[PDB]
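Values below: every heavy atom of this structure, side chains too, minus hydrogens, waters and symmetry copies. Per chain, numbering begins at 1; letters A, B, ... match sequence-line order.
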Amino acid sequence: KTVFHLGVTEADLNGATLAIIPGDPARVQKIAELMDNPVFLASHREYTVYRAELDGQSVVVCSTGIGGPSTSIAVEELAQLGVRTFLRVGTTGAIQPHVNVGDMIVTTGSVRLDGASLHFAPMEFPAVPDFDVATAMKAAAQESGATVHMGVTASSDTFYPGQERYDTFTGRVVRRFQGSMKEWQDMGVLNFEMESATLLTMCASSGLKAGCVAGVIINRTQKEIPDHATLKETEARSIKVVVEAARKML
Amino acid sequence: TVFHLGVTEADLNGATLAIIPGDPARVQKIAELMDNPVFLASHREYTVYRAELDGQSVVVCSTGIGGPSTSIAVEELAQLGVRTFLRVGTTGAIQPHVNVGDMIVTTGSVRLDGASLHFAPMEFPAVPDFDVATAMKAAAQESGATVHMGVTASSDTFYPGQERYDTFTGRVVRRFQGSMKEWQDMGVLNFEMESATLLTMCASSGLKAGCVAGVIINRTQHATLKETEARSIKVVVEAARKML
Ligand SMILES: O=c1cc[nH]c(=O)[nH]1
């Protein structure tokens, strides 16, 4: 049948029960082309949807847009169409000293600084990935030859104050988030991003398997600026890792 | 040059007012309603046009879905000198008396989002600037449409936070069980997904903002839709005129 936002049907998916879900529509086709017989399905707003084949099995690639709210729509609609496993892939900025540009982060849990996660489970509930998925992700990341870090990611509804940035129009951060950056750093949190709490919470409380893997393209604590080569490799590595992780899941 | 929108202060040609629809696909149509529309940039869900309205530079910029993507657009536009933000959209009503085709101008939003808490504590009201609300009401009335001023419920999800049960799991978390009836009985007009974030971040940061929406469906009960779509963008451009 046709879902309201993604504009595809269950038949369109060709029995796919796994989706790779990047944030940016413009990464979708690039991820699908690492696989076999990529076919464009639809593009509405931030949702660009392709199907492809991995080891003879149908797999969907669907962008989610920025933030938990746009993500919750994509996940819910893919679930209605029979998708049961969701592999988030991305790039990110680290906030710990020992984490280098080019390294991979597999999320073991997210700090829920979002709003959408609360629409699925109360705050007490752990925003945790599915164990098989994190396990498949770790393995695929290790095999890429990159250094892999397992740990907690802080997941914010904003890019600016929720990540305690002061280089902004007002130069001000609301009380709740003042000092929060140092707080996460001291608690061992690895990186910030903006969709994982919502994805992990909704899936963990709804019988869907999910997980997040991200290549580090910047370390926010270091002045040294990464060269373009290292960045291109990292983006390339990120998406090969998630496809290889998808392979392990099948 | 701002990080997500990819435009500079110079690109805006002095604009201090932006019209901010959700969908990138609507940005060009809105800009062409005015004079000398010019493409500025497109990156992810952010398509940015500039235009001129009664001799003044105006920006049109999509925000994508949800409070988080909106928060980025608004902040970067503000860094570029933008002080007034006119949100236009279409929406689904939850009051039986509100008709497909009517306009709703939000007078406050129930904060069922998350991003608003990144700007002000929950006690802070998600309320439009009074001049913008006034411009919006006047412009809506001039369109011949029936206009409702009222409270909007602004949710971070489309499904459980708007108490939809027609879903994969068929469950709605305890916080939102019975919430639709609750909002109805308190006279809330409609649901949408960005207004709480937009209104809180602007009201708490010295920016003027408001929301107007055409009603395209009713939760309680074509292409009348296309007529409403078109009317809604005519309404927001006229409201812009009144603000300038
Ligand atoms: O019910 C609706 C209809 C349109 N948009 C929403 O956010 N909710």
Contact origin within A/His5 toward chain B - heavy atom pairs under 4.5 Å: side chain
Segment of A/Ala26 engaging chain B (4.5 angstrom heavy-atom cut-off): neither
Rounded distance [0.5 Å steps], CD in B/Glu75 versus OG1 in A/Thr170: 6.5 Å
Best-contacting candidate, B/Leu207, B/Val172, B/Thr197, against chain A by heavy atom pairs under 4.5 angstrom: B/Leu207
pair A/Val174-B/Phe119: side-chain heavy atoms closer than 4.5 Å: no
Toward chain A, the part of B/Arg83 with a non-hydrogen atom under 4.5 Å: side chain
Distance, nearest 0.5 Å, that separates OG1 of B/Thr70 from CG of A/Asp157: 11.0 Å
Within 6.0 angstrom of B/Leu225 CG, more than 12 heavy atoms from elsewhere: yes
Per-residue contact mode, B/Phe176 against chain A (heavy atom under 4.5 angstrom): side chain
A/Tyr166 atom OH: more than 12 heavy-atom contacts under 6.0 Å: yes
A/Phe40 atom CZ, over 12 foreign heavy atoms within 6.0 Å: yes
Atom of A/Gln80, atom of B/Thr167 and distance for their closest heavy-atom approach: NE2-CA, 3.7 Å
Part of B/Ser71 lying under 4.5 Å from any heavy atom of chain A: side chain
Structural part of A/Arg175 lying under 4.5 Å from a heavy atom of chain B: neither
Closest non-hydrogen atom pair, A/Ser206 against B/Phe168: O-CE2, 3.4 Å
Most contacts with chain A, counted as non-hydrogen pairs under 4.5 angstrom, among B/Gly66, B/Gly64, B/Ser62: B/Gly64
Side chain to side chain donor-acceptor pair (under 3.5 Å): pairs with one or both residues in residues 12-28 of chain B, sequence neighbours excluded: none
Validation row: A/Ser156, B/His118 side chains within 4.5 angstrom (heavy atoms): yes
Heavy-atom closest contact (B/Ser69 atom, A/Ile66 atom, distance): CB-O, 3.9 Å
Interface residue of largest heavy-atom contact number with chain A, from B/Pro68, B/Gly114, B/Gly161, under 4.5 Å: B/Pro68
A/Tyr47, part contacting chain B, at a heavy-atom distance under 4.5 Å: side chain
Evaluation steps, side-chain hydrogen bond (donor to acceptor under 3.5 Å, both in side chains), between B/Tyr159 and A/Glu77: CA-CA 10 Å; B/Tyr159 289 102; A/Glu77 298 188 0; 2.5 Å; yes
Which portion of B/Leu117 sits near chain A, non-hydrogen atoms under 4.5 angstrom: both
